Amino acid sequence: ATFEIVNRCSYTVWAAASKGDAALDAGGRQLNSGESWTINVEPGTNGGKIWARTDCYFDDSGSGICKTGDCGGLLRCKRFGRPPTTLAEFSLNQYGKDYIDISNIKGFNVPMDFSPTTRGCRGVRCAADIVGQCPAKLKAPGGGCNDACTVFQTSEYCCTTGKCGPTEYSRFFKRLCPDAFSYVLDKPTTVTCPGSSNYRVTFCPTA
């Protein structure tokens, strides 16, 4: 599958792509405002994620740090990033179908649209000003709006027992972005696409 990753933000982001135990394609790249990065994701990939990182500093060896979404200090991510991170999530060619979603379960840093570029299904978007409206106790100093599990580490926010409900914090994310997951047991906002669809992830789709 082909993913085109587009930075429509006015600021530089460092895109990342991983399935948790390995990079997808190169795993990460700098995207200046307006730049597009095309990657190839192997069919059958389960549990892939794409996200943006902000305010990064990397040396010539690809080592450094980012204020949001840092993946162990690497430019080319092999593992998932540090919250807060708006997440584009996908599993491809699962019994003939692709499954895509956007998630705020690990917080929000950059607005995002995640859409097919081939036909047969719709896209999803979370483009509200979640950082500007972020509740005080969820604000991340480095930028972004943390999820409540990251901040408070309780069974209820992290849904550790597999029983949890919505919370004042999850409802905040859900109000601003109804089409994204707001907590672990949220009513699924997953979209089913034809197997082997292609996609575009756009950072800052409206601005």
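The rules we used
Residues numbered from 1 in each chain as written, not as in the entry; some residues may be left out. Heavy atoms only, no water. Disulfide = S-S within 2.5 Å. UniProt positions renumbered as here; feature names shortened; annotations may be inferred. Helix = DSSP H or I, 4+ residues; strand = E, 2+ residues; numbered from the N terminus. Buried < 20%, exposed > 50% of the residue type's maximum accessible area, 1.4 Å probe, protein only. 1 Å grid on protein atoms, 1.4 Å probe; cavity = no way out; pocket = protein on both sides within 12 Å on 5 of 7 lines; lining within 4 Å. Points joined across faces, edges and corners; volume = space filled by probe spheres on them. Pairing = 2+ DSSP bridges. Core = buried A, V, L, I, M, F, W, Y, C linked by side-chain atoms within 4.5 Å.

Per the deposited record, determination of this structure is attributed to X-ray crystallography, with the resolution reported as 1.520 Å.

**Q** I keep staring at the UniProt feature "disulfide bond" in the protein and nothing clicks. Help me out?
**A** Between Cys9 and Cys204, where UniProt annotates a disulfide, the S-S separation is 2.0 Å; being under 2.5 Å, the link is counted as present. Linking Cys9 in the loop between strand 1 (2-7) and strand 2 (13-18) with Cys204 in the segment after strand 13 (199-203), this pair joins segments that are 195 residues apart in sequence. The class of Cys204 is buried, set by a relative accessible area of 6%. You can see the UniProt disulfide between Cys71 and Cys77 is made here, since their sulfurs are only 2.0 Å apart, below 2.5 Å. Each member of the pair, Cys71 together with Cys77, is buried.

**Q** Even after reading the chapter, I still don't get the state of the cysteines, so can you show me in this structure?
**A** Defined simply, a disulfide is a covalent bond joining two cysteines at their sulfur atoms. In this structure the tally under the stated criterion is eight disulfides. Across a sulfur-sulfur distance of 2.0 Å, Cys149 and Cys158 are joined as a disulfide pair. Looking along the S-S bond of the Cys149-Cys158 disulfide, the torsion reads about 100 degrees, which is the right-handed sense. Here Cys159 pairs with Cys164 through a disulfide, and the sulfurs are 2.0 Å apart. Handedness of the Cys159-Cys164 disulfide follows from its S-S torsion of about -90 degrees: it is left-handed.

**Q** Can you walk me through the layout of surface pockets in this structure?
**A** In this approach a probe as big as a water molecule rolls over the atoms, and the regions it shows empty are the leftover space. Within this model, the largest pocket holds a volume of roughly 180 Å³. Of all the elements in the fold, those that place two or more residues in the lining of the largest pocket are helix 2 (148-152), helix 3 (155-158) and helix 4 (168-176).

**Q** Would you take a moment to explain the pairing of strand 9 (residues 112-116) for this structure?
**A** Two faces, one strand: in a regular strand the side chains alternate between the faces of the sheet. The element strand 9 is largely enclosed, with a buried count of five among its five residues. Burial along strand 9 is two-sided: the face carrying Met112, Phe114 and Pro116 and the face carrying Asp113 and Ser115 are both buried. The sheet contact formed by strand 9 and strand 10 (residues 124-126) spans three bridges and is antiparallel. Bridging across to strand 10, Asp113 finds its partner in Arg125. As paired strands, strand 9 and strand 13 are joined by five bridges and run antiparallel to one another. Bridge assignment links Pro116 to a residue of strand 13, and that residue is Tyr199.

**Q** What's the story with the nonpolar core in this structure? I'm lost.
**A** If you look at the biggest cluster of nonpolar residues, it comprises 40 residues, and the most contacted ones within it are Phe3, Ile50, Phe90, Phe114 and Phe203. By size, the runner-up hydrophobic cluster in this structure holds five residues, among which are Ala16, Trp51, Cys71 and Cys77.

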